[PDB]
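S.K.: Please work out how this folds:
(one chain, ligands or ions: 1)
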Amino acid sequence: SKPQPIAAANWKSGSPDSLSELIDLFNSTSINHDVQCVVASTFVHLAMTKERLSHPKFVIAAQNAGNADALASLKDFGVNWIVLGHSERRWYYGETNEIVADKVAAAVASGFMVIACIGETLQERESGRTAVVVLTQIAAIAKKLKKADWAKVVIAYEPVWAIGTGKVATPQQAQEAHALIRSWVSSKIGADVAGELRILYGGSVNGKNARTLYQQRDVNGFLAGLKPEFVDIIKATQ
Ligand SMILES: [Cl-]
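M.R.: Numbers count the residues shown, from 1 in each chain. I have put the structure below:
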């Protein structure tokens, strides 16, 4: 009754790893269960990653494209997935809920599967404003989409305090977050949509923590940093 899990790998600069070697590792990895694996990379590595990742349960995702011609070109190039709204887009680049929403709408229109990221800050979490922050974030996204559009959409729930910090959310925190996201999608979009929607957890997921997190009722996989432990995160999606 859970939808198809997704294990998404999100590439970031100054990774100590070789991308190529990580691709080689992923290519060798047998994945017995049904899961869509996604290697999201930055522009300059898109061509190398496409060239080189041939695991068929893997798709390449672009990241943060917001231009008509660039979306169109990525699609041309055979890139069908895109990650958008990721934490630093919001807290650093100044991408508002609306800018992310418009990027998500543009990508869907261009035939992309979209991993749309949402998530609260340390401060937002601490003052109990997680729900309102994250529901505001997704509400902005939902405003720009139509019901059919949700088939192309994936939500990555990422607490900002958990991204890259070694501080993972607890199964109860991830479940609470995912549950309210899905409750909101249910009530505001439809229970068929909430039902089919992949809500992924991200922020300091590793091998050990992942399977407990995937056990949670509303967790449909993970958005994780592209690192060799990602393989163990893939396995946890059962
Ligand atoms: Cl497996």
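
S.K.: So in this protein, which helix runs the longest?
M.R.: helix 171-188 (DSSP state H).

S.K.: Against which helices or strands is that helix packed?
M.R.: Contact partners of helix 171-188 among helices and strands, from 3 or more CB pairs under 8 Å, 6 or more residues apart in numbering; DSSP states H and E: helix 130-143, strand 153-157, helix 191-196, strand 198-202, helix 207-215. No exception for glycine: its C-beta is placed from N, CA and C like everyone else's.

S.K.: Pull the contacting residues for the nearest residue to residue 197 once chain neighbours are set aside.
M.R.: Nearest in space to residue 197, with sequence neighbours left out and distances taken as CB to CB, 6 or more residues apart in numbering, is residue 185 at 5.8 Å. Listed by CB atoms under 8 Å, 6 or more residues apart in numbering, the contact partners of residue 185 are 138, 142, 150, 155, 193-194, 197.

S.K.: And residue 169, by the same measure?
M.R.: So residue 169 contacts 159, 162, 177, 201, 203-204, 213 (CB under 8 Å, 6+ apart).

S.K.: Make JSON lines from those residues and add neighbour count to it.
M.R.: Listed next are the contacts of residue 169 as JSON lines, based on neighbours: other CB atoms under 10 Å:
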{"residue": "159", "neighbour count": "26"}
{"residue": "162", "neighbour count": "24"}
{"residue": "177", "neighbour count": "26"}
{"residue": "201", "neighbour count": "32"}
{"residue": "203", "neighbour count": "25"}
{"residue": "204", "neighbour count": "19"}
{"residue": "213", "neighbour count": "24"}
